[PDB]
Each structure stands twice: as C-alpha cells, then as structure tokens.
Amino acid sequence: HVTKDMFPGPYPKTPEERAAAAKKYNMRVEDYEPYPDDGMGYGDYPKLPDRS
Amino acid sequence: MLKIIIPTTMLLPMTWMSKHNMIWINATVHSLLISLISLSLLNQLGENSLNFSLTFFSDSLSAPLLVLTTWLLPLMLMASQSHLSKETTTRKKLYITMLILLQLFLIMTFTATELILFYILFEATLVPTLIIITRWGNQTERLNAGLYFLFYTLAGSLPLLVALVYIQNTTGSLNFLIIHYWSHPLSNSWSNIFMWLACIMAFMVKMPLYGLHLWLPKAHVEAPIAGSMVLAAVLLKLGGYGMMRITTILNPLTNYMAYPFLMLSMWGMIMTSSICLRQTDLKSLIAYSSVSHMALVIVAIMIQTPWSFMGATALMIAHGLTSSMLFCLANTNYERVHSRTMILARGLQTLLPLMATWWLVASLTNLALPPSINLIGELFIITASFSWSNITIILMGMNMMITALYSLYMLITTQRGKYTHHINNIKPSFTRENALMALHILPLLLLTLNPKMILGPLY
Amino acid sequence: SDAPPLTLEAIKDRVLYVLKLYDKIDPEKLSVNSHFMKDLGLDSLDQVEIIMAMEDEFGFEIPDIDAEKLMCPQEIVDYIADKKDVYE
Amino acid sequence: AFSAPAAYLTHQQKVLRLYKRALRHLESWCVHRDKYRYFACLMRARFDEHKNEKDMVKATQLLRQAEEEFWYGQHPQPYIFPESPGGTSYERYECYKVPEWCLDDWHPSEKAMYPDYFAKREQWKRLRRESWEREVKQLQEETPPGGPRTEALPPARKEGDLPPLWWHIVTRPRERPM
Amino acid sequence: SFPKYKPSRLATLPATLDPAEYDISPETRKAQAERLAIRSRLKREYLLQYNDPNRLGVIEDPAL
Amino acid sequence: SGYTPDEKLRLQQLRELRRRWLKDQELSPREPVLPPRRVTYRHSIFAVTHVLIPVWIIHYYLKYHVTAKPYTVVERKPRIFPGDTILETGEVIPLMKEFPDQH
Amino acid sequence: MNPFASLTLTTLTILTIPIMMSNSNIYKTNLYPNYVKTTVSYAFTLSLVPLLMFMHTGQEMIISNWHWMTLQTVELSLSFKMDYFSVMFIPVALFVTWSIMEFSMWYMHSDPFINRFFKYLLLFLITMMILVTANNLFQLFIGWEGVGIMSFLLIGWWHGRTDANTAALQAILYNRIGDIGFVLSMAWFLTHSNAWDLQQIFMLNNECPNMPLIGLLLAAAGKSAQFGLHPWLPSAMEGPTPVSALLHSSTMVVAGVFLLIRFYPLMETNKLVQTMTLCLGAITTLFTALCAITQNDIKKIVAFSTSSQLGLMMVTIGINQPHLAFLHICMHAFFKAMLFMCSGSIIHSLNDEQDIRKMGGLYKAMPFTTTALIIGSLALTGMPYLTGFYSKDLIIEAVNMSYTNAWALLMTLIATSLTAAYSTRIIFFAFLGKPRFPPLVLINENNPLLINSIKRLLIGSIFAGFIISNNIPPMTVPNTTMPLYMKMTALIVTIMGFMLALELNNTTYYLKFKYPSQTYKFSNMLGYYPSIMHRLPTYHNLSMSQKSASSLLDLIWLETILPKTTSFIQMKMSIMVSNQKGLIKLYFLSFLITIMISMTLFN
Ligand SMILES: CCCCCCCCCCCCCCCCC[C@@H](O)O[C@H](CO[C@H](O)CCCCCCCCCCCCCCC)COP(=O)(O)OCC[N+](C)(C)C
Ligand SMILES: CCCCCCCCCCCCCCCCC[C@@H](O)O[C@H](CO[C@H](O)CCCCCCCCCCCCCCC)COP(=O)(O)OCC[N+](C)(C)C
Ligand SMILES: CCCCCCCC/C=C\CCCCCCCC(=O)O[C@H](COC(=O)CCCCCCC/C=C/CCCCCCCC)COP(=O)(O)OCCN
Ligand SMILES: CCCCCCCCCCCC(=O)SCCNC(=O)CCNC(=O)[C@H](O)C(C)(C)COP(=O)(O)O
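Residue numbers (the deposited numbering), protein chains in the order written: chain c, 31 to 82; chain r, 1 to 459; chain X, 69 to 156; chain p, 2 to 179; chain o, 2 to 65; chain b, 2 to 40, 64 to 127; chain l, 1 to 603.
So, in structure tokens, the structure goes:
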C-alpha cells in the first residue's frame, strides 16, 4: 500500500525538498539530517544517532 | 539410460491428458517412481564407467547428481502446489511442463558422452528456468533478474563453444573417453592460455565465481519456490561437473592459471559469509551462503587432487539438499507473512514448534555439523587445501566460524525471542509442508551412513 | 516455586503493615484510602521512600513513571494486583 | 510502564529519580541493613539541606554536580530485582506467552475439551465486536483536531461503553502463563 | 570535583551527564512537545489498526 | 502529581475488565473432557528390557561378527611379573636378583 | 566371553534407549524424567564393572566394531578406546549426571517442557561419552561438536530471553575459534601421519612438530575457556542451574583438558608447547580467581571457580603431569557439581534470587545446604584427606618441584590463595550474618530428591579421593622428599587466603563508607575484557560487513564493472547508430565515402 512518493530518494539539496524528506520519514525538519553527500548510496535517509 | 529418459518424456502427455484436479497427484507419483528407478544407477564400478551407448554414459560423479535431480522434482511439485491454486489448468500444466523439461535436459546433460551434446543441453536448461523466473515470479525485478541470469551465462558460454569446436578440429573428437585416453599436455603459450580461459570461464560463471556472482542473488530472490530450489540444488552444480570433466585437457597449465581463481574464491568465501551477517532478506542470505559453499567447491576443483574431488562431490550433493530445504522453510514463512523480511516475523518457535525443529536441523546441516556429509566434504576440501598450502587454514577456519555465526543468527532472529504482536495470521503448519521438510532432511542423515555413494569416481 | 497464590487481602494487609511500620505515620489514623501528601502530610521524598519499601517487601520494582503517581495505599494495592494478576 | 510518558521531566521528577537511584546504589554498596539505614538517613539529610532553594539556576547547577558524583561512585554492579530489565529472570517466561488468537486455529477435537472456556470466549468476542464500533466513534469525537498530542486514552463516558482500545490490555497472556 | 567521564563511540554519554538537558529553552520545550505529538499520532494510528477486530493480517509498516 | 480523574476512571474500568477475564480463564470441574478410546516387578522388567536384551545383542554382535575380522578387538598384553606362571605354556618366570632388603 | 568390551559398550548403548522412546507414550507422560534418571543410574551401576576389571588387572581394549568409509590408504571405522581414562571417567560422569537428574526432578518441576529438558540432558551425556571414548579424531570431533550444540541448546533454554540467546551464540563463537585449531590438527595429522587413529599417530610421531600440538592447544583453550577465550563460561550461567552444574561445571568444560590428556605422548616430546600450556593455565587461573573474589552473583562466583580449576588443570598438563590432571578432573567433578547443587537449592528457596547481597542468615534457616556447602568449600580449597586434597596438594607439590617459570609458579600459588578467598566470600555473605531476603519466608529443604541427590555427591566429596587414589596403579614417580616449608606451602597459602579475606569481609560491618579503588573496578568488570572485546571487534566486523563487502563492492563496484559498463556502452552505441534523420543525402554521401575508401585500401 506504499506509493512511489513514500520511498527513499536522492540526496536533498534545497530546503523545500529537505522538508519533504523530513515529512516523509515522520520526523521534524529541525531533526532531519541526511548522510553527507558522498559516493556512498545513502541518498535520502535520516542519519539517526548511533546509539544502540 | 533410456529407461529413465523415456518415462520423463511420458510425464508430459500424462500431465496434459490429466484431469483438472489430478495433475499434482499424477505428476508427484510418477516423478517419485522415476526417482526410484533412477536410484539403480548408484551401482557403479571401480573400473571405467557405465557406458550404456555411444551417446550416454554414467559415472559415480554423474549418478548422485542424476538421483538428486530426479528426487528434486516431486519436492518442487509439492512446494508449487500452494501458490498456484488460483491459476488456470492450462497455466499449471505449462508450469509442470517447464519443470519436466528442465529435468529432462538436466538428465541428458549429466550423461552426455559428447562435449558438444553436453554444451547443447547445458545451455538448453537455460530456457525453462528463464521462463519460470520471468513468468511466475512475483516482484517487478524478476524481469531484470532474468536478463542477468541470461546474459552472464551466455557471456561465459559463447567462447566455450568456439574452444570446443577448435579442439575437435585439432584432436578429431570430443568424446570424453577418447579425450581422457588421448590427453596431451598444454604448453605455456598465449593461445593455450586463452583456450584455458575459454574452457573455464563458462563453468566459473555458473558456480558462481565470487566476482561473477551478481546474477545469483537476483535470480534466486525473484524466482518462485520451485525455481529457487532447482537453481540452488542442481543448476549451480553444472559448473562444477563441467570443470571436473574439462580439467583433464588443461594440465599442466592449471598449475599457473588457477592462482587468480583460487585467490578470488578463498577471499570471496569470507566476503560472502560476512555479507550474510548483514542481510535483511532471508532468500538473499541463503543465496550468499550458496555462493560461499560453491567458492569452496571451486577451490577444491582447482586444487585437482583426489581428496579435493571427493570433497567437492560430497559438498555439491549436501549443499543442494540443504539449500533446497532452507529455501522451502523461507517460503513457508513467506506464504504466511508475504514480506520476505527476516526481522518482521519473530519468535516463530512458540507458534510453530515442529517447523522450528525443521529450521534447527536445516541450520545444523548448513553449519556443517559432523558427521553430516556437509562436514565430510568441507573437511576433505580443507585437508586437501592444507596439503596444497598450510596458510589456507586461516581462511578456511574463518569461513567456518562466520558460517556458524550467520546460520545461528538466521535461526535466532526468526525462531527465538518474542512473537510479533500485530501478526495474527500464522496458521498451523500443513501436512504438506512438514512432509516436504522431512523429504528434504531424511536423505541427508541417511546418506551420512553410506558416504561412498556421493564421494565421486576417485573414491 | 511453591509460592502461595497471594490474594487482594494479603496485599492490602502487607501494604498496611509496611505503612504502620513507618514511624512518621501514626498507625491509628492510617486508612486504605488516606492520601500521602494531605491526609498524612508527607513529602515526595517520603513517598519515594514508601515506594522503595513496597518494592523491597514485595520483591519487584515499580518504575519511576508509575511510582511517582501512587499516593494512596489502596491504589498501591491495585497497582500490585494488576502487575501480579490477582483474581480476588 | 502503564502510564503514558510526558514530553519532558520536570526538575522535581529528576531530583526524585536521582534520589531513588542513589539510595538503591548505596544499598548495593552498604550490604547490611543497619549500615544502609545509617547511610541512607545521612543521604536523605544531604538532599534535605537544599530543599528550600528558590533560585532555579542554583538548583540546576545542583543536581548536576550530584549526578556527576553519582556516576563517579555508582557501584558498577548494582543489585537488580530478578524480573527487572537487568535481572537474571527478566524475560524468562516470554517463550510461554501465547497470543489469544491462536485458540481460533485449534482443531474442533481440541475445542471439544474445554467447552465452557470457549463459550465464554465467544461471549468475549461478541462484546469486543460491538464495543469496537462504539470505541472508534468515541475516540474520533474526543481526539483534538490535528491528531493526539499525548498518548493517553480516555475512559468510557456512557453506561454501556468500554474503554477505547481495551482488548489487548485486558487480554494479556499472563505474567507467568506456564 | 571528581574524575571526568570521557564518552566514546562504543561507550556513549549518559543522559544524566548531557549538558543539553540542563540547558532548557522555550524552543527546546516546544520541540519536545511536537516530537511527542508525532510519536502520539503514530501510536494512535498503530493502535487503532491493531485493536481492530476485523483486521486479519500483518500491519503494513512504511518505515520498515 | 498523581493520577488525573480520567486516569483513575480508565484504570478502574480496565481493572474490572481484566479481573473478569482472569476469572473466566478458570476451569470447570469437567473442563478437561477427555475422549476415551483404546483398540520389584517394575525393576525386574526394567532390568530385562533395558539391560539384559542390549547386553545380549551386543555380546552376540561382538563375539560372532566383530571378532570374526582380525584386529577389531585388541587387548593390552597383560603385565608379566617375576614369579608369575603362564596358563598357555605353564613355564614360571624367574625371580629377581635378590636385592638387599634392609629397612 | 571376557565381558569387558560387551559391558563397556552396553553402558553407552543403553544410554540411548530413552532417546529412542522419546517418540513413545511415556515421553508424553510425567514419568519420563524418572525413567531417564533410572536409566542413567543403571548405566552407572553397570559401568562400575569395567572399572573393577581394570583396577584388578589393568585391562585395555580398542574396539573397532563398525567400518565406515575407507579413503584409499586411509580407513575410517567406528572405534572405541577403553583405556584407564575412559573407564575411570565414565562412572564419574554417570554418577554426577544421576545426581543432576534427581536434583532437576525438583528444581525444574514447574517447567512445562521438563521431558524435553531431561531429553536434552541425556543427549548431552551421550555426546560426552562419544567424546571421551573416541579412538580416532573424526569420532572425537563428532563428540566435540555434539557437546557444543547441546550446550547451545541448553544455555538458550528460555528462548524468549535475549540474554540467553546472546550467551548461547557467544559460546558457539568461542568454540568455533577453538574448532579452527582442531581442524588444523586433524588436517596436519592426516597429511603427515596418514591417519586419524591414535595408534598410528603415536607410532609415527616420535618428535611431534609445533603445528599439530599448537592446534590441539588452541582447541583445548577454546573448549576449556582459557584466558584468551574465557568469557563464554561465565556468560553461560544464563541456563538453568542443572545445566550449569552438569555441563559448564564438571563434565563438558573439562573436555578440552581431556583432549590434551588424550594426546600426552606427543606433548612430552615438545618443549615449547608445554611452556605455552603452562603459561596459559597460570594466567587463566590467576585472572579467573581475581574476577571471582569480587562477584555478587553466586553462580558467577562458582563459574569463575570452575575456570580457575581448569587453569590449574592445564598448569598440571604443562608441567608434564597428565594423570594428575585427570585425577583432578575426577575430584573436581564431585565437589563442584555439589557446589552448584547448593547454589541452586539456595536460589530456589529464595524465589529465584541469585545475588548474595539479598542472602542473609541461612546457616540455621536451611542446615543441610549449609553443611553440604561447607564440605564442598573445604574440598575445593584443599583440606587434608578430603577429595580435593588428593589432587590439589599433589598439583602444588609437583609445580614447586619442577623446572618451570617463576611467574607461573607464583601465579598458581596466588590463585590457590584467591580460591580460599572466594570460598570464604561465598560462605560469609550467604550463610553467616543476619537475613536480608524479603519478609515472606518460603525456605524449604524437605524434599527427598534434593536431599538424596546432594548427599550422594557429599559422600563422594568426602571419600572418593581416598578410594580412587588408593585403587589406581601408580603412574608417576612421586616427590618423596621436600623442604619442610615447601611441603606446607599449599596449606600456608590457603590459610592466609581464609584469614585475609575473612578479615577484609569483617570490615563491611563498620559504619564507614568509601568509594572504590581502581583495582576493585578492574576486578569487578572482569579486567574490562568482556566490554572492550565484545564491542570493538564485533562492531568493526559487522560495520565492514555492510560498508565494504555488501555495499561498496557487491552493490556498487561489481555492478559498475561488468554489467553497468556493458549496458552503458551498448546504450550509447545504439543511440549513435540508430540516430539518422532519414535524409538520403547523408546516406549516399556515406555511400560515396565507403565506396571511395574501399577501392583505395584493398588495391
Ligand atoms: C523417534 C526416536 C527414534 C526412534 C527410532 C529408533 C531406531 C534408530 C536406528 C536408526 C538410526 C541409527 C543408526 C544405525 C544404522 C543401522 C543400519 C546401518 O548400519 O546400515 C547401513 C546401510 O544403509 C545404507 O548404507 C544407507 C542408505 C542409503 C540412502 C539412500 C537414499 C534413499 C533415496 C532417496 C532419494 C535420494 C535423495 C538424495 C540424492 C543424493 C550401513 O550398513 P553397511 O555396513 O554400510 O552395509 C550394509 C550391509 N551389508 C554389509 C550387507 C552390505
Ligand atoms: C572480474 C570478476 C572475475 C572474472 C574472472 C577473473 C580471472 C581472469 C584472470 C586471468 C588469468 C591470468 C591471465 C594471464 C596469466 C599469464 C601470466 C602473467 O600474469 O605473468 C606474466 C605475464 O606478463 C605480462 O602479464 C604480459 C601481459 C601484460 C598485459 C596484461 C594486462 C594486465 C591487467 C589486465 C587484467 C584485466 C582482466 C579482465 C579483462 C577484461 C609473466 O610474464 P612472462 O613469463 O614473460 O610470459 C608468460 C606467458 N607466456 C609464457 C605464455 C609467454
Ligand atoms: C562472464 C563474462 C566473460 C566473457 C568471456 C570470458 C572468457 C574469455 C576467453 C577468451 C575468449 C575467446 C578465446 C578463444 C577461444 C579458444 C580458441 C583458441 O584457443 O585458439 C587460440 C586463438 O587464440 C585467440 O585468438 C584469443 C584471442 C582473444 C580475443 C578476444 C579477447 C577477449 C578479452 C581478452 C581479455 C580478457 C581475457 C580473459 C577474460 C576472462 C573473463 C573475465 C589459438 O589458436 P590459433 O591462433 O589458430 O593457433 C596458434 C597459431 N596461429
Ligand atoms: C552512593 C551513590 C552516589 C551518591 C551521590 C549523589 C549525591 C546527591 C546529593 C545532592 C544534593 C541535592 O539534593 S541536589 C539539589 C536539587 N534542587 C532542589 O532540591 C531544589 C528544590 N527541591 C525539590 O524540588 C525536591 O523535589 C524536594 C522539595 C526535596 C521534594 O519535592 P516533593 O515535595 O515534590 O517530593
């Protein structure tokens, strides 16, 4: 029942698509922080704290 | 050999002339009877072979593979009965036809006294598998998977054909007996190096070799249960059988040319066993475990010593049975949860205790617990490698440790802990699934009583 | 195990026992429904001490979030009964 | 456990939690009951000397030195109740907890035994079926617009109503099902 | 004064030693309130779908 | 601090429901309705079915099949001491060299 | 006809009958545990016969009964070795297991799956007997892995508990680390001696090289929880107390030591491997006693005691005294099994409480457990003329009278003192003071199962040392003359341990509180070994397993090289080829070009 817009995507560049990505992952825009835009395929996915 | 080939062919008109609700029963019964008949090929000789005719011959390397191929079809039918319920009679008959054609091609491939006939059947097996994957697979990636499973294979197999005909233009024959008796050394030349590569790469890609294994996870994950069973159990062993046959003309060039493949396999077994530790999908984990086991078989064949060949034969049979059982267990979970994500359905021991026992025994055989034939092949290959070089023991022991780690991780994640609360559609296990699991596992524990049946021609 | 299946009466009696052995409360004025803050004039430190005494006397731990809002002996008994699934 | 959590912990709650933790760890250090009582009275006294501080900045500078001191002397192996999240019998009996819906998959020969139990189960299922339709409407009308702010649930308001989302709290397996 | 605890990758900072919790602001409080609001909305949706007697399958999880 | 009135009321209602469920979990005097259908003495029979029969089978198998092949059962060649005599030959091993016995 | 072979095989065979009946009706009843216990007791009383026959004569056999596969010049057969070690260890293991099962009939009475638990215990016993009596390396490997799998199943008995599953996987991991060396040794012996049978290995190895013995030592270190691979044994206390008492206390954990005892003819011909074994044993016993003297879980203290005793056993092996190590194995079985008996009794009486801070005055509250634990502690620390004396005293004398490391000797003496220290710690904190348990007292010892099971091992721990020491033939030259102080060294260090630890324990009553020191913290967190080594390596493995192998190479670069490059190149070439606008002017211009080029190049 998941649509295409609810899947992970590419790294966000503008604050508008940053807000869209934060809204997609059900978390605050101020708390949303993607992985650094490197060659790794992290894309658009939140970098949550490394706590176990 | 026709006393096995003709009944397998008669399976087709019998399937197509059956009632709409008798296809599974008739197919299962007659495939079981064909397996029972094929079981009499195991009476092998200490001398040359069972040379039935100019076209077909049997060997104590070919006989276990033939018996496993004949035994796999009834299990595949039992596994396919469930998810094909809502489909028309003509399409179910077509599915059973694809399975029967695959068995026929595999049977003729394993005997195949001619190398060109072996190549033709070895490539004819490609079509039924591709149709099964790209027609009766569920996800949208299946098409892509099929493409990979196709082109990789042909990318390896097209040069081989050229090499093959070249050999017959120089030797005058491609009959395996004449090739074995009239074999001559290969001089260290660039032309001979490329002939060696053309002979080896086709079988290397279907093991698969570590660098060339990309097609396998896709093809095994997107295939239906019967497709995954036949891919893991029999189709992966075609490369090993072909290498064991073809390395007779590649001496002494194998001594130099084996090094890159030996390094690739010895490091890739560690790499793929480590990959299994971080896997979110059951089928992908089982596929990577298959890659590791076949890497060990590649090492065994490349070392080309008697203990290597015996261990490789034993490991091929044991891996076929164990991987088929593991895929069947994963599919039993999937048909209930429809997700194929390992972390989703948890604590299934408290709800399915007998299925938990089946999971435990499958993990134990995958873990290579003695005196299983899995460990017999493992240990024979490891001892041969140790004689080849004492430093292989580090890589082999590390692979054993990681294998145990990921097997028990797979068992603990799915069976232990607490059940998922929101999942309430976990129905009691059917008699069909339990019978399938027993029919996988009893042959293994019963073969450990008579190992010489699966130790190959160098026993 | 051989642990008796404790009942509500036992829990009530044991809670009141522990409370009457707290000498900052006079036992004769104590009652099951008496509030800790106002009916007995106890500080929140006294309340957490009482929770610790209940924990040590029943052999299990009450989490801080649940413990910090238990202000009557009756509701302490009710919390223990719900945790231990007591019938009568 | 049962109570819904808040958005934050107030200063008083933090102080009380530190009090409980320090007392428990002092009990771990002071094994004997008389020694523990003496040192716990001293510990309570040391809390009490700043009970009446009016400066919030002062009180927040306090509790911080206090939690640092606690982390310094915290008895790295404190006593844990056996059933607590660190105890030796924490999740011992989770493997015996079977969901109630599994009984729906029992064979009729299995349900032939225990007929009274399954009759009462049918009554409970009917009650759940009606109460759910009432509960959905009650929760929809009582929730504030824009979604809930705290995961606290209301009780029943009318005579025949049941508390919303009650089935999986009432039908817990047991603390020790077997 | 006591010896200082130095956090690491595999031994993180305790919650009670975190300077951020001692530095409160109205913006911090509203951030906590709206985090709790998101969590409560998700919990309400999950429990509404979980307690439903008509539901007879796996509850789909977009996050997973 | 403490419970809000709504929290009290919800806890009380849930408590009553939970206690009624828990009471309903009990068993009636007839609840295990069992469907009946069929188609030194204990120690004496145990020592026969679990000791005597296995030792009979194992002794037969060892004496008549395992010992049939060579080298299957190999013993220790028992120790020989001075002054001993041998059953098979009958000869007597000579004594030792009469060492001085003092203390 | 010479009943030695028939009876020594009938023991192991009748041990397997309840496993056959595990599908019968009795397995569905409540009489199954008693059936298993009775079978084990009958097996013990039947195995008492070969012990008598050996003690009378010294009778020895190899029984190669079933011929399994033959590998060209190598023949593999089901062969049993029935030497002194096997015929002496089997009755001890059967006696201990009989007591364990009788105890479990009371300890695990409320467990819904008790028949299964009993079945699991019998399977472990069968695998252990397979390990002990094996004549070739393949059979001994079968037993080696079987006991490990049974340990994994029995540690994770409560599979809903996360910690139990974690501990079981930990045990599997460490035992696989040892399995690496086991497989190395097997491969070496096959390649060089052309055999896995013990007879050919001994015949063809007059001066054994380093690799096979180092592999054997690595396997022994893995399975007996030596210093490098130690933490799994204390972690294994997650299982039920009978499992801890039988497997991880007296029977399974000695298996590694047993292996080095089984290969002692090759160990005495190598000098470096002996030094390695001695140093490993010394560091293990010291470190584990140091960890023990400060623990609060009673089962953890007894597990660290077991680890220290195993380290002492391998010290004895390293000083080239294998028969003495075997005797210590036999005595330790008795008294450590009874020590877990008493610990489990205390835990059960106090409502599953395992912390000694909540165990108060039990000297009078429960007296039979008290006396059994006093006797067990006396036997463990070494009390003249008890069961542990006849082993430990000779161990200490042999270490003092040998050409060894000075450091290893010092650490062995310190470990003896610390053994006394943790024994008095247990007694003082569990039995002496005022009660510290919750007010509702449910203490009860009055069950004949518990009393009888404990008292059988009690009579063992009192008299078995004397009986066995006076019944076995002498297998080494003794140390008849010693300096007067150096003969007393064990008693002196043990009494110093009691006195110093008791004095330090008596200060806990003082109305004075201080913060702990660095040494206390080091001792309490187990040298910080479980922290660092369970966080740094595992993470650094798992992270890589996702970052490099799974993503960087498999999902990115292997795709980039072969398939993606081919697809890109074919895509671009197809675009270039098929993009003509349909203008025949360009077509015929190319025709002129090609025609002109063709005529000139060829000729
Ligand atoms: C439920 C709890 C248990 C209840 C049951 C208790 C009883 C257990 C006893 C059974 C297991 C214990 C092991 C003891 C084995 C006894 C029988 C064994 O000794 O016979 C074996 C004989 O069995 C065979 O060797 C093994 C069977 C072969 C398996 C074929 C597989 C069946 C076909 C299925 C399709 C194939 C799928 C896999 C493709 C490769 C080995 O005998 P061997 O010394 O050697 O020679 C035979 C006799 N000779 C001397 C006259 C020649
Ligand atoms: C990617 C996933 C895996 C896919 C499969 C990988 C396996 C393929 C590896 C091929 C096996 C070896 C190939 C050539 C071996 C010859 C020995 C050579 O390596 O050693 C030197 C060879 O010297 C140099 O190599 C000469 C050739 C240099 C050019 C080769 C390119 C180097 C990198 C290319 C690798 C790319 C592989 C994939 C291609 C698409 C010795 O020099 P010399 O003793 O005098 O001559 C020996 C040969 N003689 C006797 C017949 C004359
Ligand atoms: C998974 C994708 C892999 C794709 C295929 C990989 C295998 C590549 C093997 C080579 C392919 C063609 C080899 C030719 C087949 C054998 C025929 C032969 O041996 O004859 C040789 C002919 O040898 C050749 O012509 C070889 C030329 C090869 C040209 C194509 C090169 C392909 C790429 C080369 C680099 C990679 C090589 C190994 C790749 C391994 C796969 C990754 C000698 O005969 P004559 O010349 O008549 O007698 C000598 C006196 N005149
Ligand atoms: C042995 C292990 C280590 C131990 C070391 C730890 C050292 C801790 C000692 C630090 C001293 C302090 O109290 S830290 C000072 C913290 N700030 C304040 O105390 C200001 C106002 N006090 C409150 O609000 C309280 O809640 C109160 C009114 C008492 C109850 O309230 P109730 O009426 O709502 O119950």
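Cβ coordinates follow ideal geometry from the N, Cα and C atoms, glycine included.
Are there any heavy atoms of ligand 4 lying less than 7 Å away from the beta-carbon of residue i, as far as the coordinates show?
{"i": "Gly397 of chain r", "result": "no"}
{"i": "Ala430 of chain l", "result": "no"}
{"i": "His12 of chain p", "result": "yes"}
I want to check one thing, is the minimum distance from the CB of residue i to the heavy atoms of ligand 2 below 7 Å?
{"i": "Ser189 of chain r", "result": "yes"}
{"i": "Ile120 of chain r", "result": "no"}
{"i": "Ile81 of chain p", "result": "no"}
Would you check whether ligand 1 has a heavy atom nearer than 7 Å to the C-beta of residue i?
{"i": "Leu321 of chain r", "result": "yes"}
{"i": "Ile5 of chain r", "result": "no"}
{"i": "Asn450 of chain r", "result": "yes"}
CB of residue i to nearest heavy atom of ligand 3: below 7 Å?
{"i": "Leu212 of chain r", "result": "yes"}
{"i": "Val291 of chain r", "result": "no"}
With DSSP run on the structure shown, which of helix, strand or coil describes residue i?
{"i": "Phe463 of chain l", "result": "helix"}
{"i": "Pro428 of chain r", "result": "coil"}
{"i": "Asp24 of chain o", "result": "coil"}
{"i": "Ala71 of chain b", "result": "helix"}
Which residue comes first and which comes last in the beta strand (DSSP E) that contains residue i?
{"i": "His159 of chain l", "result": "First-last for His159 of chain l: undefined, no H or E at that position."}
{"i": "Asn65 of chain l", "result": "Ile62 to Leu71"}
Considering just the uninterrupted stretch of the alpha helix (DSSP H) at residue i, what are its terminal residues?
{"i": "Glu8 of chain b", "result": "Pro6 to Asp25"}
{"i": "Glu122 of chain b", "result": "Counting along the chain, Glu122 of chain b falls outside any alpha helix (DSSP H), and DSSP gives it neither H nor E."}
{"i": "residue 626 of chain l", "result": "The shown model of chain l, from 1 to 603, leaves out residue 626 of chain l, and the question about it has no answer."}
{"i": "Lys487 of chain l", "result": "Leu484 to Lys487"}
{"i": "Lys81 of chain l", "result": "Taken as a continuous stretch (DSSP letters only), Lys81 of chain l belongs to no alpha helix (DSSP H), being part of the beta strand (DSSP E) at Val74 to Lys81."}
So which residues of chain l does residue i contact, with C-beta pairs closer than 7 Å?
{"i": "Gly39 of chain c", "result": "Within 7 Å Cβ-Cβ: nothing; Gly39 of chain c doesn't reach chain l, min ~17 Å."}
So which residues of chain p does residue i contact, with C-beta pairs closer than 7 Å?
{"i": "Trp158 of chain l", "result": "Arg93 and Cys96"}
Which bits of chain l does residue i rub up against, with CB to CB less than 8 Å?
{"i": "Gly71 of chain c", "result": "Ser551, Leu555 and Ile556"}
Please list the partners that residue i has in chain p, where partner means a Cβ-to-Cβ separation under 9 Å.
{"i": "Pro15 of chain o", "result": "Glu68 and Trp72"}
{"i": "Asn424 of chain r", "result": "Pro100, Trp102, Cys103 and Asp105"}
Run down chain p in chain order and give the residues with a C-beta less than 8 Å from the C-beta of residue i.
{"i": "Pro33 of chain b", "result": "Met114 and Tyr115"}
Along chain X, in chain order, which residues have C-beta atoms closer than 7 Å to that of residue i?
{"i": "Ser85 of chain p", "result": "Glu129"}
- request: Return the residues of the segment 534 to 549 of chain l that lie within a Cβ-Cβ distance of less than 8 Å from chain o, sorted by chain order.
  value: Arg535, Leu536 and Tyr539
task: Could you name the residues of the segment 134 to 156 of chain X whose beta carbon sits closer than 7 Å to any beta carbon of chain b, in the order they occur along the chain?
output: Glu136, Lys137, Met139, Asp146, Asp150, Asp153 and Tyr155
message: Short of 8 Å Cβ to Cβ, which residues in the segment 76 to 88 of chain b face chain l?
response: Close to chain l, meaning a Cβ-Cβ distance shorter than 8 Å, are the following residues of the segment 76 to 88 of chain b: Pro78, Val79, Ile82, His83, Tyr85, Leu86 and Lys87.
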